[PDB]
Amino acid sequence: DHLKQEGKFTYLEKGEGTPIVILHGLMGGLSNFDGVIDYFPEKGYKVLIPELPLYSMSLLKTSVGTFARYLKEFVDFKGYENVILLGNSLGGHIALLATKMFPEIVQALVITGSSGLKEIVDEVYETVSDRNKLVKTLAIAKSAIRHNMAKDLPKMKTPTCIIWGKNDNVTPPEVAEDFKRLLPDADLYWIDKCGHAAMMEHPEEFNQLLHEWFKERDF
């Protein structure tokens, strides 16, 4: 597991087999996914965690659509014909939009505590006093909600795994079942006593749930 910087792309890379591209949210450090980074590369998977240009994208090309196209540019750069997308919070929304815009590049979609329907405190105050980053955060939120997925979901054919905390406060469990309803080919699994970051709160069960879903479908 080492950090790569090739061109404008900064990303973590570990593993060799089937590529899993991970999209974290705004809160996201990469410590969110240590569970995934330790488990799946030893199970024959390639884990890639690219750093999206959330707050760097010009004064104003900052939209969910831009991040999705950035993801596409990353996969194309890597030369993959298809990947597995794993997304959390805003990252899940980026992944969803990417699967909508470029379905032929996505083998499967894994979603957990995503939008589209402790000491982190010190990096949300960053948003409210950074001065020029608040606008970008506001730009993202405006772009995100304007870009609702509810209408696009009914036939995003790609196989989708939805893993959710049974007591999520940010994105309530109702949202998870909405995803299950609209998506034509999706499976829903819950994790009890778990909030918005199943990956981090329970990397144990998340890995096992996700791994078994992969086994059933050959992913």
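As named in the PDB entry, the chain is MGS-MChE2, taken from uncultured bacterium. Recorded in the entry header as its title is "Crystal structure of MGS-MChE2, an alpha/beta hydrolase enzyme from the metagenome of sediments from the lagoon of Mar Chica, Morocco".

**What about the sheet that holds strand β1 (residues 2-6)?**
Strand order in the open sheet made by the eight strands is β1-β2-β4-β3-β5-β6-β7-β8, with mixed pairing throughout. If you trace the sheet from one side to the other, it starts and ends with β1 and β8 (186-191), each paired once. On average, each strand axis in the sheet is inclined to that of its neighbour by 20 degrees, with strand direction left out of account. Of the pairings in the sheet, the one linking strand β3 (residues 18-23) to strand β5 (residues 83-89) comprises four bridges and is parallel in character. The residue of β5 that forms the bridge with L23 is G87.

**Focus: empty space enclosed by the protein**
In this structure, the largest cavity occupies an estimated 30 Å³ of space. Residue lining of the largest cavity: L71, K72, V75, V83, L85, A98, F102 and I105, and that is the complete set. Elements with a contribution of two residues or more to the lining of the largest cavity: α2 (64-78) and β5. Tallied by class, the residues present in the lining of the largest cavity amount to seven nonpolar, no polar and one charged.

About the thresholds
- Residues numbered from 1 in each chain as written, not as in the entry; some residues may be left out.
- Heavy atoms only, no water.
- Pairing = 2+ DSSP bridges.
- Helix = DSSP H or I, 4+ residues; strand = E, 2+ residues; numbered from the N terminus.
- Axes fitted to C-alpha atoms, helices over the stretch in contact; angles between N-to-C directions.
- 1 Å grid on protein atoms, 1.4 Å probe; cavity = no way out; pocket = protein on both sides within 12 Å on 5 of 7 lines; lining within 4 Å.
- Points joined across faces, edges and corners; volume = space filled by probe spheres on them.
- Nonpolar A, V, L, I, M, F, W, Y, C, P; charged D, E, K, R; others polar.

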